[PDB]
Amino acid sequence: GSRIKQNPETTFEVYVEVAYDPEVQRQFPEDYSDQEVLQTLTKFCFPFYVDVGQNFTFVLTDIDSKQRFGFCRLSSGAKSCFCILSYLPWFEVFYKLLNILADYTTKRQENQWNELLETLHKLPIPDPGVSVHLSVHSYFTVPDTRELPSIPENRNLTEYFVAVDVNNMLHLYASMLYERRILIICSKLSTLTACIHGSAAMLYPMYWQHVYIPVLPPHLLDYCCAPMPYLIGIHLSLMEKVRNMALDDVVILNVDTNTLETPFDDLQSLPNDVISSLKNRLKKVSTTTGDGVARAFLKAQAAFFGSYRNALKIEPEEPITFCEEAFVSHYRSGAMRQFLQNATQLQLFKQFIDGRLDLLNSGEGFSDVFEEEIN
C-alpha cells in the first residue's frame, strides 16, 4: 500500500538549478526533454508569494499515484533553488548532494559538477548498507527504509517533533485515522514539508492513500477545495487566500502558532487507553530518544489494528480473505467497537488489508516491526 516506487530505474530523474516567472538555468541530464516536468519544477521550487529556510522536499504524484520527491535547496534570499527529482526517499542523502552541487556551481567547478551527477545517474541502485562515495574521503551508506525513523538522524521526524507539540501531533494522527481533509500551514518550508512527511509516516504500516501534497504552490491553491480526503501543506503566505475559501470540514494546523482548528471530535472519540498510552510515551525523554517517537505511534497502530489477524478467514481450496463482520464484532471496549467499524471505511486500512491478503495468498513470507509489535 506504499506509494513509494519499488523499482526505480535511476537514482534520480532530473536535477535543476532554477533562478528568477522562475526559469531553469541549468539541468542534468543535459538532454532531459520533458518540458512539462521542467516547467512544473520551476513553480514547486518557489511555492510561496514573494514578499523560508533552505531545504524542503515537495512531492509530485504520477499516474499510478507513486511519488516523486523534489528535494530542494533554496538560496540565501530565495534568489535561486537547486532541486533534484527522484523516486528514492533519501532526504538526508539528497540534501547533502545538493550542498555539494551548489558549492561546485558557486566555485564554478563544472567538471566536478558533471562527474558527480553523471556518476550518480549511472549508478545502479545499491542494496541498503552499501557504501556510495560522494568524494574519496566521504561516503553515505544506502538507507534501509524498512527501519523506523530515528531522532535526530531522520530530518523529517526530527523537525516535525521539534516544531509540533504533542497535543497537535495527536490531533493530526486522529484526523488521519478518520481520513479528514488536513491542511498544515507554516512559514518555514523545511518545517512545513517535514510535518507533512513526518506525520504521515506515523501511520506505518499504513500509508496516506488519497491527495498528498507536502507543499502546494499558489497556482494550485484551488485544490484545497478538493472534497476527497487530503493532506496538504501550504506556506504561510497563502493562508489569507485559503481563509478566503471559507473551507468547511477541514482540519487546519498552524505550525507557527501550534494552533489547530478542527470541527470534529476525532481525538476524543478514539479509544482512550490507546491514546493515553501513546501520549505518555510521547511525553517522556527516555521513550522519545532514538526511534522512541516512531515506536510510540507504532505501538498505538498495533493496539488499534492488531486484531486484523483474527479476521483472516483461511479456509482451504484457497484463498485467504478478510472477514469484516469478524473484525468489527470482537472488541475489548465500546470505543474499540466504534473504532473497528470506522476502520472498515478507511482507504488506508483497505490498502493495508488488501496488500496483506495479496502478500499472504502469495506465500512470499515476510516480517516487519508492526507484526513483531503485535506478537
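Start at 1 with the first residue shown and count on from there.
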query	finding
Unmodelled deposited residues flanked by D64 on one side and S65 on the other	none
312-320 set against 328-336, stretch whose average Cα temperature factor tops the other in the entry	312-320
Mean C-alpha B-factor comparison - 145-153 and 296-304, higher one	145-153
Peak C-alpha temperature factor (PDB record), options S269, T193, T262, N244	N244
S131, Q209, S276, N254, ranked by C-alpha B-factor: the highest one	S131
Lowest, middle or highest third - CA B-factor, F352	lowest
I185, C-alpha B-factor rank within chain (lowest, middle or highest third)	middle
Ranked C-alpha temperature factor of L216 among modelled chain residues, by third	lowest
Third assignment of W113 from its chain's C-alpha B-factors	highest
Third of the chain's Cα B-factor distribution that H121 belongs to, per the entry	middle
